[PDB]
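Structure data (TSV, C-alpha atoms and all ligand atoms) from query09.tsv:
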chain	number	residue	atom	x	y	z
A	1	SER	CA	-15.21	-60.57	-69.21
A	2	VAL	CA	-16.81	-57.47	-67.76
A	3	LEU	CA	-15.51	-56.84	-64.24
A	4	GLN	CA	-17.39	-55.05	-61.47
A	5	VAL	CA	-16.26	-51.46	-60.97
A	6	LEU	CA	-15.98	-50.41	-57.31
A	7	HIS	CA	-17.77	-47.26	-56.09
A	8	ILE	CA	-16.90	-44.87	-53.28
A	9	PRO	CA	-16.85	-45.15	-50.40
A	10	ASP	CA	-15.15	-48.53	-50.93
A	11	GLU	CA	-11.85	-48.82	-48.97
A	12	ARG	CA	-10.31	-50.94	-51.77
A	13	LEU	CA	-10.18	-47.75	-53.84
A	14	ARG	CA	-7.56	-46.41	-51.42
A	15	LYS	CA	-5.06	-49.29	-51.82
A	16	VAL	CA	-1.63	-48.61	-53.33
A	17	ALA	CA	-0.95	-50.83	-56.35
A	18	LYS	CA	2.15	-52.98	-56.68
A	19	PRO	CA	4.19	-52.86	-59.88
A	20	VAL	CA	3.71	-55.60	-62.47
A	21	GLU	CA	6.61	-58.06	-62.19
A	22	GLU	CA	6.34	-59.53	-65.66
A	23	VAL	CA	3.89	-58.89	-68.49
A	24	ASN	CA	2.60	-62.37	-69.21
A	25	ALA	CA	-0.65	-63.94	-70.46
A	26	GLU	CA	-2.35	-63.43	-67.09
A	27	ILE	CA	-1.60	-59.69	-67.17
A	28	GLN	CA	-2.77	-59.47	-70.79
A	29	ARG	CA	-6.02	-61.18	-69.80
A	30	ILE	CA	-6.50	-58.44	-67.16
A	31	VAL	CA	-5.75	-55.73	-69.72
A	32	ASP	CA	-8.34	-57.18	-72.12
A	33	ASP	CA	-11.00	-57.49	-69.41
A	34	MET	CA	-10.29	-53.92	-68.35
A	35	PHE	CA	-10.85	-52.59	-71.89
A	36	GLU	CA	-14.03	-54.66	-72.09
A	37	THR	CA	-15.25	-53.22	-68.78
A	38	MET	CA	-14.31	-49.67	-69.70
A	39	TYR	CA	-16.16	-49.81	-73.03
A	40	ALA	CA	-19.15	-51.60	-71.44
A	41	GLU	CA	-19.52	-48.73	-68.95
A	42	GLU	CA	-18.49	-46.33	-71.72
A	43	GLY	CA	-15.52	-44.83	-69.91
A	44	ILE	CA	-12.34	-43.54	-71.55
A	45	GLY	CA	-9.89	-44.53	-68.85
A	46	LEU	CA	-9.71	-47.31	-66.26
A	47	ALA	CA	-7.15	-48.13	-63.58
A	48	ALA	CA	-6.69	-51.73	-62.35
A	49	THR	CA	-7.52	-50.73	-58.78
A	50	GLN	CA	-11.04	-49.62	-59.77
A	51	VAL	CA	-11.81	-53.22	-60.59
A	52	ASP	CA	-10.16	-54.35	-57.33
A	53	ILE	CA	-6.96	-55.52	-59.03
A	54	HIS	CA	-4.08	-53.86	-57.27
A	55	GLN	CA	-1.34	-53.72	-59.85
A	56	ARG	CA	-0.01	-50.78	-61.86
A	57	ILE	CA	-2.11	-51.21	-65.01
A	58	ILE	CA	-4.08	-48.53	-66.84
A	59	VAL	CA	-6.13	-48.66	-70.04
A	60	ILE	CA	-7.29	-45.58	-71.96
A	61	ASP	CA	-9.20	-45.07	-75.15
A	62	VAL	CA	-10.50	-41.62	-75.97
A	63	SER	CA	-11.45	-42.63	-79.52
A	64	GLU	CA	-14.92	-42.61	-81.08
A	65	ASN	CA	-14.58	-45.90	-82.93
A	66	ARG	CA	-13.12	-47.60	-79.80
A	67	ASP	CA	-9.92	-48.40	-81.71
A	68	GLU	CA	-7.07	-46.36	-80.17
A	69	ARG	CA	-6.34	-48.58	-77.23
A	70	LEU	CA	-3.64	-47.22	-74.92
A	71	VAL	CA	-2.10	-49.45	-72.23
A	72	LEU	CA	0.18	-48.13	-69.45
A	73	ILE	CA	1.85	-50.76	-67.31
A	74	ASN	CA	4.18	-49.52	-64.53
A	75	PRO	CA	3.81	-45.89	-65.68
A	76	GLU	CA	6.29	-43.30	-64.45
A	77	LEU	CA	5.98	-39.55	-64.74
A	78	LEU	CA	9.19	-38.16	-66.13
A	79	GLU	CA	8.21	-34.52	-66.62
A	80	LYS	CA	5.22	-32.25	-66.19
A	81	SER	CA	4.53	-28.58	-66.79
A	82	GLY	CA	1.74	-26.04	-66.91
A	83	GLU	CA	-1.60	-26.16	-65.18
A	84	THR	CA	-5.14	-26.87	-66.40
A	85	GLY	CA	-8.44	-28.27	-65.37
A	86	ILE	CA	-11.59	-29.65	-66.86
A	87	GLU	CA	-14.62	-31.13	-65.11
A	88	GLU	CA	-13.55	-34.74	-64.66
A	89	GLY	CA	-15.70	-37.80	-64.21
A	90	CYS	CA	-14.96	-41.35	-63.03
A	91	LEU	CA	-16.84	-44.67	-63.19
A	92	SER	CA	-16.17	-45.16	-59.45
A	93	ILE	CA	-17.95	-41.88	-58.67
A	94	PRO	CA	-21.19	-42.30	-60.70
A	95	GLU	CA	-22.56	-39.21	-62.41
A	96	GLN	CA	-20.46	-36.68	-60.46
A	97	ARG	CA	-18.15	-34.15	-62.10
A	98	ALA	CA	-15.75	-31.53	-60.76
A	99	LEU	CA	-12.92	-29.35	-62.03
A	100	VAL	CA	-9.59	-30.55	-60.64
A	101	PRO	CA	-6.13	-28.93	-61.01
A	102	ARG	CA	-3.81	-30.91	-63.30
A	103	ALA	CA	-0.54	-30.38	-65.17
A	104	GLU	CA	-1.13	-29.31	-68.76
A	105	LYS	CA	1.66	-31.29	-70.44
A	106	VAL	CA	3.06	-34.61	-69.17
A	107	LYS	CA	5.82	-37.01	-70.23
A	108	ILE	CA	5.63	-40.64	-69.12
A	109	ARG	CA	7.52	-43.92	-69.52
A	110	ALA	CA	5.54	-47.18	-69.44
A	111	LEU	CA	5.35	-50.73	-70.77
A	112	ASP	CA	2.77	-51.68	-73.42
A	113	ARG	CA	0.60	-54.83	-73.64
A	114	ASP	CA	3.63	-56.75	-74.90
A	115	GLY	CA	5.86	-55.59	-72.06
A	116	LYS	CA	7.91	-53.32	-74.34
A	117	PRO	CA	8.92	-49.90	-72.92
A	118	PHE	CA	7.81	-46.64	-74.51
A	119	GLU	CA	7.81	-42.92	-73.85
A	120	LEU	CA	4.79	-40.70	-74.42
A	121	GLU	CA	4.42	-36.92	-74.33
A	122	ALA	CA	0.80	-35.88	-73.84
A	123	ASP	CA	-1.12	-32.65	-73.53
A	124	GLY	CA	-4.79	-31.69	-73.58
A	125	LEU	CA	-7.35	-34.22	-72.43
A	126	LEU	CA	-4.84	-37.11	-72.77
A	127	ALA	CA	-2.45	-35.50	-70.23
A	128	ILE	CA	-5.33	-35.01	-67.75
A	129	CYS	CA	-6.55	-38.54	-68.30
A	130	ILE	CA	-3.10	-40.06	-67.59
A	131	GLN	CA	-2.75	-38.07	-64.33
A	132	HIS	CA	-6.25	-38.98	-63.18
A	133	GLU	CA	-5.51	-42.66	-63.89
A	134	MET	CA	-2.07	-42.62	-62.33
A	135	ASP	CA	-3.72	-41.18	-59.18
A	136	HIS	CA	-5.95	-44.26	-58.86
A	137	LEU	CA	-2.88	-46.45	-58.50
A	138	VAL	CA	-1.80	-44.62	-55.35
A	139	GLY	CA	-5.33	-44.58	-53.97
A	140	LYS	CA	-6.20	-40.98	-54.98
A	141	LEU	CA	-9.63	-39.95	-56.33
A	142	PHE	CA	-10.47	-36.61	-58.03
A	143	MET	CA	-12.73	-35.59	-55.13
A	144	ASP	CA	-9.68	-35.57	-52.82
A	145	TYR	CA	-8.74	-32.26	-54.39
A	146	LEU	CA	-11.98	-30.59	-53.37
A	147	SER	CA	-13.25	-28.97	-50.17
A	148	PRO	CA	-14.53	-31.17	-47.29
A	149	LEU	CA	-18.05	-29.92	-47.94
A	150	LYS	CA	-17.79	-30.74	-51.68
A	151	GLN	CA	-16.45	-34.22	-50.87
A	152	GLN	CA	-19.24	-35.03	-48.42
A	153	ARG	CA	-21.88	-33.89	-50.91
A	154	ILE	CA	-20.39	-36.10	-53.66
A	155	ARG	CA	-20.31	-39.16	-51.36
A	156	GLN	CA	-24.01	-38.65	-50.47
A	157	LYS	CA	-25.00	-38.26	-54.08
A	158	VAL	CA	-23.34	-41.56	-54.96
A	159	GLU	CA	-24.73	-43.34	-51.90
A	160	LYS	CA	-28.22	-42.14	-52.85
A	161	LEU	CA	-27.73	-43.40	-56.41
A	162	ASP	CA	-26.52	-46.89	-55.40
A	163	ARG	CA	-29.45	-47.00	-52.93
A	164	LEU	CA	-32.00	-46.49	-55.68
A	165	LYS	CA	-29.91	-48.46	-58.18
A	166	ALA	CA	-31.00	-51.61	-56.43
A	167	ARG	CA	-34.84	-51.34	-56.59
A	168	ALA	CA	-35.98	-54.53	-54.82
B	1	FE	FE	-11.31	-42.45	-62.37
Let me see whether you can do it: turn the structure in this file into structure tokens.
Amino acid sequence: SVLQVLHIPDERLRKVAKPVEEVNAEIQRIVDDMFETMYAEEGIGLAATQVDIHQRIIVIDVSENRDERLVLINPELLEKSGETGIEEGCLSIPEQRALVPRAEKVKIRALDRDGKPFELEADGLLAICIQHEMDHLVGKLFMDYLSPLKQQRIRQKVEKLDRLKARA
């Protein structure tokens, strides 16, 4: 199923996710719906909280043939180093982009879709994508890093878009 993705300024985007107790068929259903939603909207990363599910689940696929599915359940950052930034986007903040400071290289531990643990060292776009997604789970958005003026302007832009989006 394709789930509805929440937009700012929804308060549900600020909720802190609870860890997944046990990776069972219900959780795997959520993971599959999340991938389906992400591809449908053509994103490359999705956090559970963006679809108003407040558990520590993230799906990522940066691939062209939509066939390098990455699932992070209960992710934990073990190490990070360096500093980078690209102009990030987000399906919850339609059509807005901004450069945000991130660590360059990241090492995480997580469970996969089967509930098996794994470690992953990432750099480049993957490292940035994992940080951006891990932020969602503690109620952080990429605009939180920007100046008050920049944040206000982004909110308006999105409110204007959702206002036209429904043409009645
Ligand atoms: Fe996002």
task: Residues within 8 Å of ligand FE 1 (chain B) should be enumerated using all atoms listed in the file and returned as a VMD selection string.
output: chain A and resid 45 to 47 50 89 to 93 132 to 133 136 141 to 142
List as a Markdown table every residue of range 46-73 of chain A that is in contact with range 25-41 of chain A, defined as an atom at most 10 Å from one of its atoms (using only C-alpha atoms), together with the nearest atom pair and the distance in Å rounded to one decimal, sorted by chain and then rising number.
| residue | atom | partner | partner_atom | distance |
| --- | --- | --- | --- | --- |
| A:46 | CA | A:38 | CA | 6.2 |
| A:47 | CA | A:34 | CA | 8.1 |
| A:48 | CA | A:34 | CA | 7.3 |
| A:50 | CA | A:34 | CA | 9.6 |
| A:51 | CA | A:34 | CA | 7.9 |
| A:53 | CA | A:30 | CA | 8.7 |
| A:55 | CA | A:27 | CA | 9.4 |
| A:57 | CA | A:31 | CA | 7.5 |
| A:58 | CA | A:31 | CA | 7.9 |
| A:59 | CA | A:35 | CA | 6.4 |
| A:60 | CA | A:35 | CA | 7.9 |
| A:61 | CA | A:35 | CA | 8.4 |
| A:66 | CA | A:39 | CA | 7.7 |
| A:69 | CA | A:35 | CA | 8.1 |
| A:70 | CA | A:35 | CA | 9.5 |
| A:71 | CA | A:31 | CA | 7.7 |
| A:72 | CA | A:31 | CA | 9.6 |
| A:73 | CA | A:31 | CA | 9.4 |
Keeping only C-alpha atoms, write those residues as a compact mmCIF listing (two decimals), in the frame of the given file.
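Writing the result to result.txt gives the following:
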# COMPACT_ATOMS: atom_id res chain seq x y z
CA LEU A 46 -9.71 -47.31 -66.26
CA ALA A 47 -7.15 -48.13 -63.58
CA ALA A 48 -6.69 -51.73 -62.35
CA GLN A 50 -11.04 -49.62 -59.77
CA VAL A 51 -11.81 -53.22 -60.59
CA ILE A 53 -6.96 -55.52 -59.03
CA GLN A 55 -1.34 -53.72 -59.85
CA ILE A 57 -2.11 -51.21 -65.01
CA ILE A 58 -4.08 -48.53 -66.84
CA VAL A 59 -6.13 -48.66 -70.04
CA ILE A 60 -7.29 -45.58 -71.96
CA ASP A 61 -9.20 -45.07 -75.15
CA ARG A 66 -13.12 -47.60 -79.80
CA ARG A 69 -6.34 -48.58 -77.23
CA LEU A 70 -3.64 -47.22 -74.92
CA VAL A 71 -2.10 -49.45 -72.23
CA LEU A 72 0.18 -48.13 -69.45
CA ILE A 73 1.85 -50.76 -67.31
- prompt: Could you state the separation of CA of residue 76 in chain A and CA of residue 97 in chain A in Å, given to one decimal place?
  reply: 26.2 Å
- request: Using only C-alpha atoms, determine which residues lie at most 10 Å from residue 82 in chain A, disregarding the query and same-chain residues fewer than 6 positions distant; provide the list as a PyMOL selection string.
  value: chain A and resi 102-106+123
- request: Just the residues within 7 Å of residue 78 in chain A, please, counting all atoms listed in the file, with nothing from its chain fewer than 6 positions along; format it as a PyMOL selection string.
  value: chain A and resi 107-109
For those residues, write C-alpha atoms to a file as a compact mmCIF listing (two decimals), in the coordinates of the input.
# COMPACT_ATOMS: atom_id res chain seq x y z
CA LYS A 107 5.82 -37.01 -70.23
CA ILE A 108 5.63 -40.64 -69.12
CA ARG A 109 7.52 -43.92 -69.52
task: State, in Å with one decimal place, the distance from CA of residue 79 in chain A to CA of residue 120 in chain A.
output: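 According to the coordinates, CA of residue 79 in chain A and CA of residue 120 in chain A are separated by 10.5 Å.
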field: Which of A:98, A:110, A:149, A:138 sits closest to residue 14 in chain A [using only C-alpha atoms]
entry: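 With only C-alpha atoms as the atom set, the closest residue is A:138.
One finds CA of residue 20 in chain A at 23.3 Å from CA of residue 43 in chain A.
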Box time for range 81-98 of chain A: axis-aligned, enclosing all its listed atoms, 8 Å extra on each side; report centre and edge lengths in Å to one decimal, as lines of an AutoDock Vina configuration file.
center_x = -9.0
center_y = -35.6
center_z = -62.8
size_x = 43.1
size_y = 35.1
size_z = 24.2
message: Nearest residue to residue 117 in chain A out of A:143, A:134, A:23, A:154, using all atoms listed in the file?
response: A:23
- request: Give the answer as one residue: which of A:135, A:124, A:8, A:2 has the shortest atom-to-atom distance to residue 152 in chain A, using all atoms listed in the file?
  value: A:8
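With only C-alpha atoms as the atoms that count, the residue of A:17, A:161, A:127, A:137 with the shortest distance to residue 101 in chain A is A:127.
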query: From the set A:86, A:111, A:77, A:6, which residue has the shortest atom-to-atom contact distance to residue 22 in chain A, counting all atoms listed in the file?
result: A:111
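Residue nearest residue 24 in chain A, chosen from A:153, A:80, A:116, A:145 and counting all atoms listed in the file: A:116.
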Would you mind writing range 34-56 of chain A with N, CA and C atoms, as a short mmCIF file (atom, residue, chain, number, x, y, z; two decimals), in the coordinates of the input?
data_model
loop_
_atom_site.label_atom_id
_atom_site.label_comp_id
_atom_site.auth_asym_id
_atom_site.auth_seq_id
_atom_site.Cartn_x
_atom_site.Cartn_y
_atom_site.Cartn_z
N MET A 34 -10.18 -55.33 -68.70
CA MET A 34 -10.29 -53.92 -68.35
C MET A 34 -10.85 -53.11 -69.51
N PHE A 35 -10.31 -53.28 -70.72
CA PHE A 35 -10.85 -52.59 -71.89
C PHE A 35 -12.33 -52.94 -72.08
N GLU A 36 -12.65 -54.22 -71.92
CA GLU A 36 -14.03 -54.66 -72.09
C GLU A 36 -14.97 -54.02 -71.07
N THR A 37 -14.49 -53.87 -69.84
CA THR A 37 -15.25 -53.22 -68.78
C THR A 37 -15.42 -51.74 -69.06
N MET A 38 -14.32 -51.10 -69.43
CA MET A 38 -14.31 -49.67 -69.70
C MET A 38 -15.30 -49.33 -70.83
N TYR A 39 -15.24 -50.06 -71.94
CA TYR A 39 -16.16 -49.81 -73.03
C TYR A 39 -17.61 -50.11 -72.65
N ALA A 40 -17.83 -51.24 -71.98
CA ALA A 40 -19.15 -51.60 -71.44
C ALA A 40 -19.81 -50.48 -70.63
N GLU A 41 -19.03 -49.86 -69.74
CA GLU A 41 -19.52 -48.73 -68.95
C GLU A 41 -19.40 -47.43 -69.73
N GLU A 42 -18.75 -47.49 -70.89
CA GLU A 42 -18.49 -46.33 -71.72
C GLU A 42 -17.57 -45.30 -71.07
N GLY A 43 -16.52 -45.75 -70.41
CA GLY A 43 -15.52 -44.83 -69.91
C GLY A 43 -14.44 -44.62 -70.95
N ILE A 44 -13.49 -43.73 -70.66
CA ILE A 44 -12.34 -43.54 -71.55
C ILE A 44 -11.02 -43.90 -70.89
N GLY A 45 -11.06 -44.11 -69.58
CA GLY A 45 -9.89 -44.53 -68.85
C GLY A 45 -10.33 -45.46 -67.73
N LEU A 46 -9.48 -46.42 -67.40
CA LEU A 46 -9.71 -47.31 -66.26
C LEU A 46 -8.37 -47.66 -65.60
N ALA A 47 -8.32 -47.63 -64.28
CA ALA A 47 -7.15 -48.13 -63.58
C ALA A 47 -7.50 -49.50 -62.99
N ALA A 48 -6.50 -50.38 -62.89
CA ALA A 48 -6.69 -51.73 -62.35
C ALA A 48 -7.34 -51.73 -60.97
N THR A 49 -7.01 -50.74 -60.15
CA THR A 49 -7.52 -50.73 -58.78
C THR A 49 -9.01 -50.46 -58.69
N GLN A 50 -9.59 -49.86 -59.73
CA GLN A 50 -11.04 -49.62 -59.77
C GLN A 50 -11.84 -50.90 -59.91
N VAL A 51 -11.22 -51.90 -60.51
CA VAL A 51 -11.81 -53.22 -60.59
C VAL A 51 -11.20 -54.16 -59.55
N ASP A 52 -10.67 -53.58 -58.47
CA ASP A 52 -10.16 -54.35 -57.33
C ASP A 52 -9.00 -55.28 -57.71
N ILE A 53 -8.19 -54.85 -58.67
CA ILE A 53 -6.96 -55.52 -59.03
C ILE A 53 -5.83 -54.54 -58.74
N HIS A 54 -4.98 -54.87 -57.79
CA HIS A 54 -4.08 -53.86 -57.27
C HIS A 54 -2.69 -53.95 -57.82
N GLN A 55 -2.60 -53.81 -59.14
CA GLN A 55 -1.34 -53.72 -59.85
C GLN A 55 -1.36 -52.48 -60.73
N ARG A 56 -0.17 -52.04 -61.13
CA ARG A 56 -0.01 -50.78 -61.86
C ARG A 56 -0.31 -50.91 -63.35
#
